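*Asks:* One structure, pasted below without further comment.
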Amino acid sequence: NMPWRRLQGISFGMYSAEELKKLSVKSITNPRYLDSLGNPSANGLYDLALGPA
Amino acid sequence: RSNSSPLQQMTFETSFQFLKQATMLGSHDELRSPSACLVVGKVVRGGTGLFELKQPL
Amino acid sequence: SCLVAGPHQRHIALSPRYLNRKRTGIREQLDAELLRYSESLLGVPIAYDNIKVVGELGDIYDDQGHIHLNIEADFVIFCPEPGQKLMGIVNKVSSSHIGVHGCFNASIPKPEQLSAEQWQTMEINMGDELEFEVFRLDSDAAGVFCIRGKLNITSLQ
Amino acid sequence: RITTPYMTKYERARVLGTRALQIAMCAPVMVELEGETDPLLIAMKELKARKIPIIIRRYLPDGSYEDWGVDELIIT
């Protein structure tokens, strides 16, 4: 049973920079993203709040 | 450049200049081209898609 | 009195199997699936749909087979809401809780009575030692609407 | 009321496709099929008998539309 809703129009604008906030699950701070064995290092680029890769 | 479709005009060439333009102008797209209709997953507005069917109740 | 009538517009997608038989199919599953189940869009137990009509035509959408349409329906609803002192069936007396019309289940968590009244295990006696196991004061204002079998938390203060 | 009375080939194609997708979803066939398992053959059988209750909604380039019946449309 499909969504049933269709698109009428697409506009390109610029994000406020204050509404990007709240469009953000967490701030990343750890440079080294690859773990010693190849898993995600917490607070790095690959994180488990930015989704399961 | 004299084209009313930002989604077209960026599926052709210089896609980043045509995106920067469409972005600093708030340019709106009506999803009526074949390219803009295939980018957002619609049915093209020519040939077989040009009319409805309207099953009567 | 819980008497309520709400005229609302819904969107319903009918299968091509229910073409000749629409009124049958507009309810088979698409409306009879939340039969007196808590609504969060308007706070509504859907008793039954008295009438389900379509203003005009139906729009089959490209590759999709379904026929999408609009249904203007009056939901006859029973709304016990904050600001009301309802009744409740007294069947089982517990410290956890005190569990209308045999179908509306009500709850009463522990610290919601007058603390002047002390309890005995077999049955509980209130202030003047008068046993009351009958439809009487039950004022619900905290309401659960999530769990499959919802609740009606009643109060007396 | 001003467009062509005939049914363009694109309209025939889309009407056959939609009627077939309906038949395949267990819709009643008003054409007395005679042992064929293809829904598209059944849709053609229905189009030839003039039994298709669909409304072709021809759109003009300014948004204005005209609603034609699949029965009231000269199929070549």
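We did not get these values from a lab; they are worked out from the coordinates using the rules stated. Don't worry about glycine lacking a Cβ; one is built from the backbone with ideal geometry, like all the others, and counts go over all protein chains shown.
*Asks:* Taking region C:132-157 only, how many residues are surrounded by 10 or more Cβ atoms within 10 Å (Cβ to Cβ) and out of contact with any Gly (no Cβ under 9 Å at 6 or more places or on another chain)?
*Replies:* 6
*Asks:* Ok, one more. Suppose we filter region B:25-42 for residues that are more than 8 Å from chain A (Cβ to nearest Cβ), within 11 Å of B:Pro6 (Cα to Cα) and outside any loop (DSSP other than H, G, I, E, B); how many remain?
*Replies:* 1
*Asks:* Given the criteria surrounded by fewer than 16 Cβ atoms within 10 Å (Cβ to Cβ) and part of a strand (DSSP E or B), does C:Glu72 qualify?
*Replies:* Yes.
*Asks:* Take the residues in region A:6-53 that are outside any loop (DSSP other than H, G, I, E, B) and not hydrophobic (A, V, I, L, M, F, W, C), then tell me which one is nearest to B:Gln9 (Cα to Cα).
*Replies:* In this case the residue turns out to be A:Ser11.
*Asks:* Might you let me know whether region C:114-125 holds any residue that is in a strand (DSSP E or B) and either loosely packed, with under 10 Cβ neighbours inside 10 Å or of a type in the set (A, V, I, L, M) (or both)?
*Replies:* yes
*Asks:* Out of everything in region C:28-70 that is farther than 30 Å from C:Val144 by Cα and of a type in the set (D, E, K, R), what residue ends up being nearest to the other protein chains (Cβ to nearest Cβ)?
*Replies:* The residue in question is C:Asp62.
*Asks:* Filter region B:7-24 down to the residues that are over 21 Å from D:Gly63 (Cβ atoms) and buried (at least 17 other Cβ atoms within 10 Å of the Cβ), then identify the one that is farthest from the other protein chains (Cβ to nearest Cβ).
*Replies:* Here the residue is B:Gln9.
This table checks each residue for (1) more than 13 Å from chain B (Cβ to nearest Cβ); (2) loosely packed, with under 14 Cβ neighbours inside 10 Å; (3) among the basic types (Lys, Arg); (4) not in a loop (DSSP other than H, G, I, E, B).
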site	(1), (2), (3), (4)
D:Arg14	no, no, yes, yes
D:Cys26	yes, yes, no, no
D:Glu34	yes, yes, no, no
D:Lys48	yes, yes, yes, yes
D:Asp62	no, yes, no, no
D:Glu66	no, yes, no, yes
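*Asks:* Any residue at all in region C:71-88 that is of a type outside the set (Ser, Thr, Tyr), in contact with a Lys or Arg (Cβ under 8 Å, 6 or more places away or on another chain) and closer than 30 Å to C:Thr121 by Cα?
*Replies:* yes
*Asks:* Which one is surrounded by the fewest Cβ atoms within 10 Å (Cβ to Cβ), of the residues in region C:45-69 that are out of contact with any helix residue (DSSP H, G or I) (no Cβ under 7 Å at 6 or more places or on another chain) and farther than 26 Å from C:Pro7 by Cα?
*Replies:* Only one residue tops the list, namely C:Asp63.
*Asks:* So in region D:50-60, with the set limited to residues that are within 13 Å of the chain's Cα centre (by Cα) and within 11 Å of another protein chain (Cβ to nearest Cβ), which one is farthest from C:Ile60 (Cα to Cα)?
*Replies:* Per the stated criteria, the residue is D:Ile52.
*Asks:* Can you tell me which residue is farthest from B:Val40 (Cα to Cα) among those in region A:7-47 that are touching a helix residue (DSSP H, G or I) at 6+ places or on another chain (Cβ under 9 Å) and not small (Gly, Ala, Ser)?
*Replies:* A:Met14
*Asks:* Within region B:25-57, track down each residue that is aliphatic (A, V, I, L, M) and either under 8 Å from the mean Cα position of the chain (by Cα) or surrounded by fewer than 18 Cβ atoms within 10 Å (Cβ to Cβ) (or both).
*Replies:* Within region B:25-57, B:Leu25, B:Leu31, B:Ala36, B:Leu38, B:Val39, B:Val40, B:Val43, B:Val44, B:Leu50, B:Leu57 meet the criteria.
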